[PDB]
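*Asks:* Following this line is input.cif, made up of mmCIF, C-alpha atoms and all ligand atoms:
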data_entry
#
loop_
_atom_site.label_atom_id
_atom_site.label_comp_id
_atom_site.auth_asym_id
_atom_site.auth_seq_id
_atom_site.Cartn_x
_atom_site.Cartn_y
_atom_site.Cartn_z
CA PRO R 1 21.22 -8.48 17.41
CA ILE R 2 19.30 -6.56 14.76
CA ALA R 3 17.81 -3.10 15.29
CA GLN R 4 15.28 -1.34 13.10
CA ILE R 5 14.74 2.35 13.80
CA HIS R 6 11.82 4.29 12.39
CA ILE R 7 12.45 8.03 12.19
CA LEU R 8 10.94 11.04 10.55
CA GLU R 9 12.46 11.95 7.23
CA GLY R 10 14.52 15.11 7.05
CA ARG R 11 17.91 14.33 8.57
CA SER R 12 21.32 14.43 6.90
CA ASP R 13 23.37 11.43 5.84
CA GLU R 14 25.93 12.36 8.53
CA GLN R 15 23.39 12.37 11.34
CA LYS R 16 22.19 8.98 10.22
CA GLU R 17 25.70 7.58 9.99
CA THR R 18 26.18 8.77 13.57
CA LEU R 19 22.89 7.23 14.69
CA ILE R 20 23.97 3.88 13.28
CA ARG R 21 27.34 3.97 14.98
CA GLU R 22 26.14 5.19 18.38
CA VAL R 23 23.25 2.77 18.54
CA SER R 24 25.40 -0.11 17.38
CA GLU R 25 27.89 0.74 20.15
CA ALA R 26 25.20 1.02 22.79
CA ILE R 27 23.90 -2.42 21.83
CA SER R 28 27.35 -4.00 21.95
CA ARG R 29 28.07 -2.40 25.31
CA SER R 30 24.71 -3.28 26.87
CA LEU R 31 24.65 -6.95 25.87
CA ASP R 32 28.38 -7.62 25.96
CA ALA R 33 28.02 -8.72 22.34
CA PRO R 34 30.69 -8.34 19.64
CA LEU R 35 30.21 -5.03 17.76
CA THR R 36 30.67 -6.73 14.37
CA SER R 37 27.55 -8.90 14.78
CA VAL R 38 25.29 -5.84 15.26
CA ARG R 39 23.01 -4.86 12.39
CA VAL R 40 21.03 -1.64 12.15
CA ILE R 41 18.31 -0.69 9.75
CA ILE R 42 17.05 2.84 9.43
CA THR R 43 13.58 3.30 8.04
CA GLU R 44 12.58 6.88 7.20
CA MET R 45 8.93 7.83 7.50
CA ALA R 46 7.24 10.52 5.46
CA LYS R 47 5.59 13.16 7.64
CA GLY R 48 2.19 12.30 6.15
CA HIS R 49 2.66 8.65 7.13
CA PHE R 50 3.10 8.98 10.90
CA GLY R 51 0.22 9.53 13.27
CA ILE R 52 0.05 10.51 16.93
CA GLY R 53 -3.34 10.59 18.58
CA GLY R 54 -4.91 10.07 15.14
CA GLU R 55 -3.33 13.23 13.71
CA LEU R 56 -0.35 13.64 11.44
CA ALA R 57 3.05 14.59 12.87
CA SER R 58 3.19 17.09 9.97
CA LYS R 59 0.85 19.37 12.01
CA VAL R 60 2.04 18.73 15.62
CA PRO K 1 11.54 7.63 16.93
CA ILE K 2 10.72 3.99 17.53
CA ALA K 3 13.30 1.26 17.66
CA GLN K 4 12.66 -2.51 17.54
CA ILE K 5 15.57 -4.72 18.45
CA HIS K 6 15.60 -8.45 17.72
CA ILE K 7 17.96 -10.36 19.96
CA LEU K 8 18.60 -13.98 20.84
CA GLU K 9 16.88 -15.11 24.01
CA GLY K 10 19.09 -15.72 27.01
CA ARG K 11 19.98 -12.36 28.50
CA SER K 12 19.14 -11.05 31.98
CA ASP K 13 16.46 -8.50 32.80
CA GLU K 14 19.23 -6.08 33.85
CA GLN K 15 21.10 -6.34 30.58
CA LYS K 16 17.87 -5.63 28.73
CA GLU K 17 16.99 -2.67 30.93
CA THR K 18 20.46 -1.35 30.15
CA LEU K 19 20.00 -1.97 26.41
CA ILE K 20 16.80 0.02 26.46
CA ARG K 21 18.37 2.97 28.29
CA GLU K 22 21.62 3.15 26.33
CA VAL K 23 19.96 2.81 22.96
CA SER K 24 17.26 5.35 23.87
CA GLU K 25 20.04 7.76 24.88
CA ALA K 26 22.06 7.16 21.73
CA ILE K 27 18.96 7.92 19.65
CA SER K 28 18.20 11.14 21.55
CA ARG K 29 21.81 12.27 21.27
CA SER K 30 22.21 11.40 17.58
CA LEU K 31 18.99 13.09 16.37
CA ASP K 32 18.82 15.91 18.88
CA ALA K 33 15.38 14.58 19.79
CA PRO K 34 13.79 14.72 23.20
CA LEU K 35 14.54 11.52 25.21
CA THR K 36 10.94 11.18 26.36
CA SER K 37 9.61 10.70 22.80
CA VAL K 38 11.87 7.67 22.18
CA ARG K 39 10.26 4.24 22.21
CA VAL K 40 12.15 0.93 22.27
CA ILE K 41 10.80 -2.54 21.72
CA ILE K 42 12.81 -5.62 22.49
CA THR K 43 11.84 -8.77 20.68
CA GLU K 44 13.50 -11.96 21.90
CA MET K 45 14.07 -14.72 19.39
CA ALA K 46 14.15 -18.43 20.28
CA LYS K 47 17.40 -20.06 19.12
CA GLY K 48 15.41 -22.40 16.88
CA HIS K 49 13.78 -19.41 15.15
CA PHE K 50 16.82 -17.63 13.83
CA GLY K 51 18.73 -18.72 10.75
CA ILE K 52 22.11 -17.77 9.32
CA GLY K 53 23.21 -19.24 6.03
CA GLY K 54 20.14 -21.52 6.13
CA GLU K 55 21.20 -23.11 9.41
CA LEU K 56 20.00 -22.44 12.98
CA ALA K 57 22.02 -20.18 15.31
CA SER K 58 21.52 -22.93 17.90
CA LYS K 59 24.33 -24.97 16.13
CA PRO X 1 -3.36 -4.43 3.56
CA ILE X 2 -1.57 -5.88 6.54
CA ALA X 3 -1.46 -4.31 9.98
CA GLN X 4 0.79 -5.24 12.90
CA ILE X 5 -0.07 -3.78 16.28
CA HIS X 6 2.31 -3.84 19.22
CA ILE X 7 0.53 -3.59 22.54
CA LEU X 8 1.39 -4.11 26.19
CA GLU X 9 0.48 -7.52 27.52
CA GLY X 10 -2.42 -7.68 29.95
CA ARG X 11 -5.63 -7.37 27.92
CA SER X 12 -8.43 -9.91 27.61
CA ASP X 13 -9.09 -12.13 24.67
CA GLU X 14 -12.36 -10.22 24.07
CA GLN X 15 -10.69 -6.83 23.93
CA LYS X 16 -8.20 -8.21 21.42
CA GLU X 17 -10.93 -9.78 19.29
CA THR X 18 -12.60 -6.40 19.28
CA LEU X 19 -9.35 -4.65 18.37
CA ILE X 20 -8.92 -6.95 15.40
CA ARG X 21 -12.43 -6.39 14.15
CA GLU X 22 -12.60 -2.61 14.65
CA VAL X 23 -9.21 -1.99 13.09
CA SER X 24 -9.94 -4.34 10.17
CA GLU X 25 -13.16 -2.42 9.56
CA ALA X 26 -11.46 0.97 9.80
CA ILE X 27 -8.92 -0.14 7.21
CA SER X 28 -11.56 -1.46 4.83
CA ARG X 29 -13.64 1.72 5.18
CA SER X 30 -10.73 4.12 4.81
CA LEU X 31 -9.20 2.52 1.71
CA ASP X 32 -12.35 1.26 0.08
CA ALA X 33 -10.71 -2.19 0.17
CA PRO X 34 -12.54 -5.50 0.62
CA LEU X 35 -12.72 -6.48 4.30
CA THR X 36 -11.72 -10.07 3.58
CA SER X 37 -8.28 -9.07 2.25
CA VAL X 38 -7.36 -7.34 5.52
CA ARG X 39 -4.89 -9.06 7.77
CA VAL X 40 -4.11 -8.02 11.33
CA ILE X 41 -1.35 -9.20 13.59
CA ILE X 42 -1.29 -8.48 17.30
CA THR X 43 2.06 -8.64 18.98
CA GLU X 44 2.00 -8.50 22.79
CA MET X 45 4.98 -6.93 24.51
CA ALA X 46 6.16 -7.88 27.98
CA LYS X 47 6.29 -4.85 30.28
CA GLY X 48 10.06 -5.38 30.73
CA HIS X 49 10.53 -5.23 26.95
CA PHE X 50 9.11 -1.75 26.18
CA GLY X 51 11.00 1.44 26.85
CA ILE X 52 9.91 5.08 26.93
CA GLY X 53 12.56 7.73 27.47
CA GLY X 54 15.04 4.93 28.22
CA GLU X 55 13.04 3.63 31.15
CA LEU X 56 10.69 0.59 31.30
CA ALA X 57 6.93 1.04 30.97
CA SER X 58 6.73 -1.31 33.99
CA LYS X 59 7.93 1.62 36.12
CA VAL X 60 5.91 4.31 34.22
CA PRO H 1 0.03 0.84 21.24
CA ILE H 2 1.91 1.20 17.98
CA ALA H 3 0.42 0.13 14.64
CA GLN H 4 2.28 -0.31 11.35
CA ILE H 5 0.16 -0.67 8.25
CA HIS H 6 1.54 -1.88 4.92
CA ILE H 7 -0.51 -0.73 1.95
CA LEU H 8 -0.11 -0.53 -1.76
CA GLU H 9 1.13 2.77 -3.08
CA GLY H 10 -1.30 4.94 -5.01
CA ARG H 11 -3.60 6.57 -2.48
CA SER H 12 -4.05 10.27 -1.75
CA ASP H 13 -2.74 12.10 1.29
CA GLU H 14 -6.36 12.63 2.41
CA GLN H 15 -7.21 8.93 2.33
CA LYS H 16 -4.14 8.20 4.36
CA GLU H 17 -4.93 10.93 6.87
CA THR H 18 -8.35 9.29 7.24
CA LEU H 19 -6.78 5.85 7.64
CA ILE H 20 -4.55 7.14 10.42
CA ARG H 21 -7.47 8.74 12.29
CA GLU H 22 -9.99 5.94 11.94
CA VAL H 23 -7.50 3.26 12.90
CA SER H 24 -6.18 5.29 15.83
CA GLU H 25 -9.75 5.68 17.04
CA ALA H 26 -10.56 1.98 16.63
CA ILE H 27 -7.51 1.12 18.71
CA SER H 28 -8.39 3.58 21.47
CA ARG H 29 -11.99 2.34 21.57
CA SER H 30 -11.11 -1.35 21.49
CA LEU H 31 -8.47 -1.28 24.25
CA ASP H 32 -9.91 1.49 26.35
CA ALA H 33 -6.56 3.24 25.90
CA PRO H 34 -6.06 7.01 25.69
CA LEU H 35 -6.16 8.21 22.06
CA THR H 36 -3.06 10.38 22.53
CA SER H 37 -0.80 7.38 23.27
CA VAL H 38 -1.66 5.70 19.94
CA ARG H 39 0.96 5.76 17.20
CA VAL H 40 0.39 4.79 13.61
CA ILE H 41 2.93 4.18 10.89
CA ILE H 42 1.96 3.84 7.25
CA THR H 43 4.38 1.99 4.99
CA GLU H 44 3.64 2.20 1.29
CA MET H 45 4.61 -0.74 -0.89
CA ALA H 46 5.54 -0.51 -4.57
CA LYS H 47 3.34 -2.77 -6.72
CA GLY H 48 6.40 -4.71 -7.86
CA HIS H 49 7.34 -5.39 -4.21
CA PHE H 50 4.23 -7.20 -3.01
CA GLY H 51 3.47 -10.83 -3.82
CA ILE H 52 0.37 -12.97 -3.44
CA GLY H 53 0.65 -16.63 -4.29
CA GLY H 54 4.13 -15.93 -5.67
CA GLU H 55 2.84 -13.43 -8.25
CA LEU H 56 2.98 -9.65 -8.19
CA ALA H 57 -0.08 -7.67 -7.14
CA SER H 58 0.71 -5.49 -10.20
CA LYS H 59 -0.87 -8.27 -12.38
CA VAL H 60 -3.81 -8.40 -9.84
CA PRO E 1 19.25 -9.89 2.95
CA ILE E 2 17.15 -10.42 6.02
CA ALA E 3 13.78 -12.17 6.00
CA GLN E 4 11.17 -12.21 8.75
CA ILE E 5 8.36 -14.68 8.42
CA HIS E 6 5.21 -14.58 10.49
CA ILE E 7 3.46 -17.93 10.78
CA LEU E 8 0.74 -19.48 12.88
CA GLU E 9 2.02 -21.42 15.86
CA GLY E 10 1.71 -25.20 15.74
CA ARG E 11 4.44 -26.50 13.45
CA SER E 12 7.28 -28.85 14.34
CA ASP E 13 10.88 -27.86 14.81
CA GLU E 14 11.76 -29.87 11.69
CA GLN E 15 9.26 -28.06 9.47
CA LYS E 16 10.67 -24.77 10.66
CA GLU E 17 14.26 -25.86 10.09
CA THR E 18 13.20 -26.76 6.56
CA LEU E 19 11.46 -23.42 6.11
CA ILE E 20 14.62 -21.61 7.09
CA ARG E 21 16.77 -23.61 4.70
CA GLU E 22 14.45 -23.54 1.69
CA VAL E 23 13.75 -19.82 2.02
CA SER E 24 17.40 -18.94 2.51
CA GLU E 25 18.27 -20.88 -0.57
CA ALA E 26 15.51 -19.30 -2.63
CA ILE E 27 16.82 -15.86 -1.58
CA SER E 28 20.41 -16.78 -2.48
CA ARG E 29 19.36 -18.18 -5.85
CA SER E 30 17.06 -15.32 -6.75
CA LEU E 31 19.47 -12.49 -5.96
CA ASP E 32 22.72 -14.23 -6.79
CA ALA E 33 23.78 -13.45 -3.23
CA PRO E 34 26.03 -15.58 -1.07
CA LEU E 35 24.02 -18.04 1.04
CA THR E 36 26.05 -17.29 4.17
CA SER E 37 24.92 -13.63 4.27
CA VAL E 38 21.21 -14.58 4.41
CA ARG E 39 19.40 -14.22 7.69
CA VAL E 40 15.97 -15.54 8.49
CA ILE E 41 13.77 -14.84 11.46
CA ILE E 42 10.70 -16.85 12.22
CA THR E 43 8.02 -15.26 14.31
CA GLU E 44 5.24 -17.50 15.55
CA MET E 45 1.82 -16.01 16.08
CA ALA E 46 -0.71 -17.24 18.61
CA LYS E 47 -4.03 -18.14 16.96
CA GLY E 48 -5.79 -15.48 19.08
CA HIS E 49 -3.40 -12.83 17.75
CA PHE E 50 -4.07 -13.10 14.04
CA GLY E 51 -7.10 -11.64 12.29
CA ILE E 52 -8.60 -12.13 8.86
CA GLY E 53 -11.61 -10.07 7.88
CA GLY E 54 -11.78 -8.85 11.49
CA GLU E 55 -12.21 -12.35 12.90
CA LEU E 56 -9.66 -14.61 14.60
CA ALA E 57 -7.97 -17.36 12.61
CA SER E 58 -8.77 -19.54 15.62
CA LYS E 59 -12.51 -19.43 14.60
CA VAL E 60 -11.89 -19.76 10.95
CA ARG E 61 -9.03 -22.22 11.29
CA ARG E 62 -7.81 -25.09 13.43
CA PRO J 1 2.26 -16.83 6.22
CA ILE J 2 3.63 -13.37 5.59
CA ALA J 3 7.26 -12.71 4.71
CA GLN J 4 9.04 -9.37 4.72
CA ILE J 5 12.43 -9.27 3.12
CA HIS J 6 14.84 -6.38 3.59
CA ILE J 7 17.36 -6.06 0.76
CA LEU J 8 19.82 -3.49 -0.45
CA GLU J 9 18.52 -1.26 -3.20
CA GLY J 10 19.91 -1.70 -6.69
CA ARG J 11 18.28 -4.81 -8.17
CA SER J 12 16.08 -5.04 -11.28
CA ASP J 13 12.33 -5.50 -11.28
CA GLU J 14 12.82 -8.98 -12.82
CA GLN J 15 15.14 -10.17 -10.05
CA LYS J 16 12.61 -9.02 -7.49
CA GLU J 17 9.72 -10.69 -9.27
CA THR J 18 11.79 -13.87 -9.19
CA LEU J 19 12.58 -13.42 -5.49
CA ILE J 20 8.90 -13.10 -4.73
CA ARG J 21 7.97 -16.23 -6.66
CA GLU J 22 10.79 -18.46 -5.45
CA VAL J 23 10.39 -17.48 -1.81
CA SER J 24 6.62 -17.84 -1.97
CA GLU J 25 7.10 -21.35 -3.40
CA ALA J 26 9.69 -22.29 -0.78
CA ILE J 27 7.29 -21.24 1.97
CA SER J 28 4.40 -23.20 0.49
CA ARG J 29 6.58 -26.29 0.08
CA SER J 30 8.15 -26.11 3.51
CA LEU J 31 4.96 -25.66 5.49
CA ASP J 32 2.62 -27.62 3.29
CA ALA J 33 0.55 -24.43 3.07
CA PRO J 34 -1.51 -23.34 0.06
CA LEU J 35 0.56 -21.11 -2.23
CA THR J 36 -2.32 -18.60 -2.62
CA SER J 37 -2.29 -17.69 1.09
CA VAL J 38 1.40 -16.64 0.99
CA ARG J 39 2.20 -12.95 1.09
CA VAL J 40 5.59 -11.42 0.45
CA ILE J 41 6.78 -7.90 1.04
CA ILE J 42 10.02 -6.57 -0.30
CA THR J 43 11.54 -3.61 1.47
CA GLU J 44 14.46 -1.96 -0.24
CA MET J 45 17.08 -0.31 1.96
CA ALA J 46 19.22 2.65 0.88
CA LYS J 47 22.93 1.91 1.22
CA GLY J 48 23.29 4.74 3.72
CA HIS J 49 20.56 3.19 5.90
CA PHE J 50 22.07 -0.19 6.62
CA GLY J 51 24.80 -0.71 9.19
CA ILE J 52 27.08 -3.64 9.95
CA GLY J 53 29.40 -3.37 12.89
CA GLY J 54 28.37 0.28 13.24
CA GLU J 55 29.55 1.16 9.72
CA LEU J 56 27.60 1.64 6.53
CA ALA J 57 27.36 -1.13 3.97
CA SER J 58 29.17 1.60 1.85
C1 LIG I 101 9.55 8.99 16.45
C2 LIG I 101 8.50 10.04 16.68
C3 LIG I 101 8.11 10.33 17.94
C4 LIG I 101 7.69 11.76 18.17
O1 LIG I 101 7.85 12.54 17.27
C5 LIG I 101 7.06 12.22 19.47
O2 LIG I 101 6.36 11.40 20.11
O3 LIG I 101 7.21 13.41 19.91
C1 LIG I 102 1.66 1.41 22.96
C2 LIG I 102 2.55 2.04 24.00
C3 LIG I 102 2.32 3.32 24.33
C4 LIG I 102 1.68 3.64 25.67
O1 LIG I 102 1.05 2.80 26.31
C5 LIG I 102 1.82 5.05 26.21
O2 LIG I 102 2.94 5.62 26.12
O3 LIG I 102 0.82 5.64 26.73
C1 LIG I 103 -0.07 -16.55 7.06
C2 LIG I 103 -1.47 -16.78 7.52
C3 LIG I 103 -2.46 -16.55 6.65
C4 LIG I 103 -3.55 -17.58 6.44
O1 LIG I 103 -3.77 -18.49 7.22
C5 LIG I 103 -4.39 -17.42 5.20
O2 LIG I 103 -4.26 -16.38 4.51
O3 LIG I 103 -5.19 -18.33 4.87
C1 LIG I 104 21.18 -8.72 4.08
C2 LIG I 104 22.36 -9.18 4.92
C3 LIG I 104 23.55 -8.54 4.90
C4 LIG I 104 24.30 -8.27 3.60
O1 LIG I 104 23.73 -8.06 2.55
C5 LIG I 104 25.81 -8.23 3.63
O2 LIG I 104 26.43 -9.16 4.22
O3 LIG I 104 26.42 -7.27 3.07
#
Take the structure in this file and express it as structure tokens.
*Replies:*
Amino acid sequence: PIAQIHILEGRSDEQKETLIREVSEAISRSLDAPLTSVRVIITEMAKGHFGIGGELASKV
Amino acid sequence: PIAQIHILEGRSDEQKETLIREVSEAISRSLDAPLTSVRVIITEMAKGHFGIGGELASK
Amino acid sequence: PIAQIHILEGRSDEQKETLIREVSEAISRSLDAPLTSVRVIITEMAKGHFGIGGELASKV
Amino acid sequence: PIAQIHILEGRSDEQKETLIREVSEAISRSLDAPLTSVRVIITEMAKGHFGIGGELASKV
Amino acid sequence: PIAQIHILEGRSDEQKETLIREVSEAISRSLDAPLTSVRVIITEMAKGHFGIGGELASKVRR
Amino acid sequence: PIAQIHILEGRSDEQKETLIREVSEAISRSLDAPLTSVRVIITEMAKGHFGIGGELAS
């Protein structure tokens, strides 16, 4: 099981470390899969690179 | 926040529903983001489509 | 330029053909890039495989 | 409907804003889906990270 | 090192097994990384789901 | 045929150029597909962005 998470840039290294752990755990729990097989990738998006309804998230 | 999870095929609909909920929650908690903005995509892989060390996981 | 579009299953082949064309055009226009270089991938999601707010889109 | 677009680095913020809008619109039109549900992600590639025919795009 | 490869549907299981092996090896060689860490995912695309120049590959291809 | 490869940051431009070529070749060989149709994307990951067993690769 491999998870890729796209998020807006701006968060601390600690928050991201937590995200990885908590998501990894949730995956292991939910699928009864061994925690050590779980991979997580975080991909940060620039605010000018993410659109909702055709408009940037950097003015919503 | 949009999460795509690749997993081996073979799990039940219930397990997957759970995966979606628990992961969505963990994201919301971890980033202090509203739960309703979180999207999750599950992508099932066939066992013949996933390699480790150059060999199928189906072996 | 390569675009991948995740959409809920259930649309017609014609709608998807249109999607491919219209998006490919929009990319070419926007970036002043040659239309023939543009690649588009459509990835259909099962309704039981897409979550919003932790709950399936096949409820909401 | 969630679109991810990989493009070469080098474009202006305005061009990208236009890309997001025009693509979002093309998606909404093509699938008769509400514009406000459409998400777009732009992922910029470094010129040394994109290959065609095994050769960098930064010698093309 | 994790590779995802999108290909048109239609190939045999053997061809895909080969693809996985040859690509994993090329990755290991190129990056001096241990072969056993390399992951590969193959994702098959339906011919109606892949566009070139705004037109399906299933009307520009077999 | 379009390949995206996620790798840890830290490698030289030459190594990556080699990765692109060798992988592109392997794909062409394996699928009997024309080399010039093969696309490769390299995506570098920061060490703080990649988790194994819930822990950073650092
Ligand atoms: C990951 C980004 C999602 C949002 O910001 C939102 O929809 O509110
Ligand atoms: C592409 C998925 C998003 C929706 O359909 C929506 O939330 O409206
Ligand atoms: C990987 C699919 C692409 C083609 O078929 C091509 O570019 O000719
Ligand atoms: C890319 C796959 C994982 C690793 O690099 C590792 O095993 O550290």
*Asks:* Give, as JSON, the centre coordinates and the x, y and z edge lengths in Å to one decimal for an axis-aligned box around all listed atoms of ligand LIG 102 (chain I), padded by 6 Å on each side.
*Replies:*
{"center_x": 1.9, "center_y": 3.5, "center_z": 24.8, "size_x": 14.1, "size_y": 16.2, "size_z": 15.8}
*Asks:* Find the distance between atom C1 of ligand LIG 103 (chain I) and atom CA of residue 39 of chain J and write it in Å to one decimal.
*Replies:*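 Taking atom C1 of ligand LIG 103 (chain I) as the start and atom CA of residue 39 of chain J as the end point, the length is 7.3 Å.
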*Asks:* Enumerate residues in contact with ligand LIG 104 (chain I): an atom-to-atom distance of at most 12 Å, counting only C-alpha atoms and all ligand atoms. Format the result as an MDAnalysis selection string.
*Replies:* (chainID R and resid 2 36:41) or (chainID K and resid 51:53) or (chainID E and resid 1:4 24 27:28 31:40) or (chainID J and resid 5:10 43:47 50:53 55:58)
*Asks:* If you measure from atom CA of residue 15 of chain K to atom CA of residue 30 of chain R, what distance in Å do you get, rounded to one decimal?
*Replies:* 6.0 Å
*Asks:* Within 10 Å of (14.0, -23.9, 19.1), all atoms listed in the file: residues as a PyMOL selection string?
*Replies:* (chain K and resi 45-50+56-58) or (chain E and resi 12-14+16-17)
*Asks:* Could you list, as an mmCIF file with C-alpha atoms, keeping the file's coordinate frame, all residues that come within 12 Å of ligand LIG 101 (chain I)? Count all atoms listed in the file.
*Replies:*
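Final output, saved to selection-v4.cif:
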data_model
loop_
_atom_site.group_PDB
_atom_site.id
_atom_site.type_symbol
_atom_site.label_atom_id
_atom_site.label_comp_id
_atom_site.auth_asym_id
_atom_site.auth_seq_id
_atom_site.Cartn_x
_atom_site.Cartn_y
_atom_site.Cartn_z
ATOM 1 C CA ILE R 5 14.740 2.350 13.800
ATOM 2 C CA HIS R 6 11.820 4.290 12.390
ATOM 3 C CA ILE R 7 12.450 8.030 12.190
ATOM 4 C CA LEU R 8 10.940 11.040 10.550
ATOM 5 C CA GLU R 9 12.460 11.950 7.230
ATOM 6 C CA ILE R 42 17.050 2.840 9.430
ATOM 7 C CA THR R 43 13.580 3.300 8.040
ATOM 8 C CA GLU R 44 12.580 6.880 7.200
ATOM 9 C CA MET R 45 8.930 7.830 7.500
ATOM 10 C CA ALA R 46 7.240 10.520 5.460
ATOM 11 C CA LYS R 47 5.590 13.160 7.640
ATOM 12 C CA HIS R 49 2.660 8.650 7.130
ATOM 13 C CA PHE R 50 3.100 8.980 10.900
ATOM 14 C CA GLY R 51 0.220 9.530 13.270
ATOM 15 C CA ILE R 52 0.050 10.510 16.930
ATOM 16 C CA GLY R 53 -3.340 10.590 18.580
ATOM 17 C CA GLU R 55 -3.330 13.230 13.710
ATOM 18 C CA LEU R 56 -0.350 13.640 11.440
ATOM 19 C CA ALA R 57 3.050 14.590 12.870
ATOM 20 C CA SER R 58 3.190 17.090 9.970
ATOM 21 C CA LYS R 59 0.850 19.370 12.010
ATOM 22 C CA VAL R 60 2.040 18.730 15.620
ATOM 23 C CA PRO K 1 11.540 7.630 16.930
ATOM 24 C CA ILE K 2 10.720 3.990 17.530
ATOM 25 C CA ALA K 3 13.300 1.260 17.660
ATOM 26 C CA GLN K 4 12.660 -2.510 17.540
ATOM 27 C CA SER K 24 17.260 5.350 23.870
ATOM 28 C CA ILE K 27 18.960 7.920 19.650
ATOM 29 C CA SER K 28 18.200 11.140 21.550
ATOM 30 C CA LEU K 31 18.990 13.090 16.370
ATOM 31 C CA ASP K 32 18.820 15.910 18.880
ATOM 32 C CA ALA K 33 15.380 14.580 19.790
ATOM 33 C CA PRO K 34 13.790 14.720 23.200
ATOM 34 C CA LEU K 35 14.540 11.520 25.210
ATOM 35 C CA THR K 36 10.940 11.180 26.360
ATOM 36 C CA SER K 37 9.610 10.700 22.800
ATOM 37 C CA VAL K 38 11.870 7.670 22.180
ATOM 38 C CA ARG K 39 10.260 4.240 22.210
ATOM 39 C CA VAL K 40 12.150 0.930 22.270
ATOM 40 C CA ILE X 52 9.910 5.080 26.930
ATOM 41 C CA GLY X 53 12.560 7.730 27.470
ATOM 42 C CA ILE H 2 1.910 1.200 17.980
ATOM 43 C CA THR H 36 -3.060 10.380 22.530
ATOM 44 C CA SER H 37 -0.800 7.380 23.270
ATOM 45 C CA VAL H 38 -1.660 5.700 19.940
ATOM 46 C CA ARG H 39 0.960 5.760 17.200
ATOM 47 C CA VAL H 40 0.390 4.790 13.610
ATOM 48 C CA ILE H 41 2.930 4.180 10.890
#
*Asks:* Once chain R is fitted onto chain H by least squares over all its in-order Cα atoms, send the moved chain as an mmCIF file with C-alpha atoms, in the frame of the given file.
*Replies:*
data_model
loop_
_atom_site.group_PDB
_atom_site.id
_atom_site.type_symbol
_atom_site.label_atom_id
_atom_site.label_comp_id
_atom_site.auth_asym_id
_atom_site.auth_seq_id
_atom_site.Cartn_x
_atom_site.Cartn_y
_atom_site.Cartn_z
ATOM 1 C CA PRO R 1 0.000 0.837 21.288
ATOM 2 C CA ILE R 2 1.835 1.162 17.983
ATOM 3 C CA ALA R 3 0.375 0.140 14.622
ATOM 4 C CA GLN R 4 2.238 -0.313 11.363
ATOM 5 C CA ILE R 5 0.100 -0.654 8.247
ATOM 6 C CA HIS R 6 1.483 -1.857 4.942
ATOM 7 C CA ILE R 7 -0.565 -0.728 1.950
ATOM 8 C CA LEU R 8 -0.208 -0.533 -1.774
ATOM 9 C CA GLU R 9 1.043 2.774 -3.062
ATOM 10 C CA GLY R 10 -1.382 4.943 -4.979
ATOM 11 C CA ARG R 11 -3.653 6.610 -2.434
ATOM 12 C CA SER R 12 -4.060 10.317 -1.712
ATOM 13 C CA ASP R 13 -2.707 12.161 1.304
ATOM 14 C CA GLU R 14 -6.316 12.708 2.458
ATOM 15 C CA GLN R 15 -7.194 9.024 2.380
ATOM 16 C CA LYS R 16 -4.102 8.280 4.398
ATOM 17 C CA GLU R 17 -4.839 11.002 6.924
ATOM 18 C CA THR R 18 -8.270 9.408 7.321
ATOM 19 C CA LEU R 19 -6.785 5.928 7.685
ATOM 20 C CA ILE R 20 -4.552 7.165 10.489
ATOM 21 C CA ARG R 21 -7.387 8.828 12.347
ATOM 22 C CA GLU R 22 -9.928 6.018 11.981
ATOM 23 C CA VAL R 23 -7.481 3.306 12.927
ATOM 24 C CA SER R 24 -6.163 5.305 15.848
ATOM 25 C CA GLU R 25 -9.757 5.738 17.069
ATOM 26 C CA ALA R 26 -10.580 2.074 16.643
ATOM 27 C CA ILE R 27 -7.533 1.148 18.717
ATOM 28 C CA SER R 28 -8.405 3.589 21.491
ATOM 29 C CA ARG R 29 -11.995 2.373 21.562
ATOM 30 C CA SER R 30 -11.134 -1.335 21.485
ATOM 31 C CA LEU R 31 -8.511 -1.288 24.241
ATOM 32 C CA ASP R 32 -9.954 1.517 26.344
ATOM 33 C CA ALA R 33 -6.596 3.241 25.905
ATOM 34 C CA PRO R 34 -6.056 7.016 25.742
ATOM 35 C CA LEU R 35 -6.152 8.210 22.097
ATOM 36 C CA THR R 36 -3.033 10.364 22.576
ATOM 37 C CA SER R 37 -0.790 7.355 23.303
ATOM 38 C CA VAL R 38 -1.655 5.700 19.954
ATOM 39 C CA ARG R 39 0.984 5.742 17.228
ATOM 40 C CA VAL R 40 0.432 4.760 13.612
ATOM 41 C CA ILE R 41 2.947 4.170 10.894
ATOM 42 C CA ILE R 42 1.964 3.847 7.277
ATOM 43 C CA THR R 43 4.340 1.995 5.016
ATOM 44 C CA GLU R 44 3.590 2.194 1.286
ATOM 45 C CA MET R 45 4.570 -0.742 -0.891
ATOM 46 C CA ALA R 46 5.463 -0.493 -4.551
ATOM 47 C CA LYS R 47 3.294 -2.738 -6.719
ATOM 48 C CA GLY R 48 6.382 -4.656 -7.864
ATOM 49 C CA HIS R 49 7.310 -5.367 -4.240
ATOM 50 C CA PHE R 50 4.197 -7.223 -3.063
ATOM 51 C CA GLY R 51 3.521 -10.840 -3.886
ATOM 52 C CA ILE R 52 0.438 -13.024 -3.546
ATOM 53 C CA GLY R 53 0.759 -16.678 -4.419
ATOM 54 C CA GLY R 54 4.249 -15.938 -5.778
ATOM 55 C CA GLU R 55 2.953 -13.404 -8.312
ATOM 56 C CA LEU R 56 3.023 -9.637 -8.231
ATOM 57 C CA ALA R 57 -0.067 -7.671 -7.183
ATOM 58 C CA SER R 58 0.706 -5.489 -10.236
ATOM 59 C CA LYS R 59 -0.860 -8.245 -12.424
ATOM 60 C CA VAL R 60 -3.708 -9.545 -10.175
#
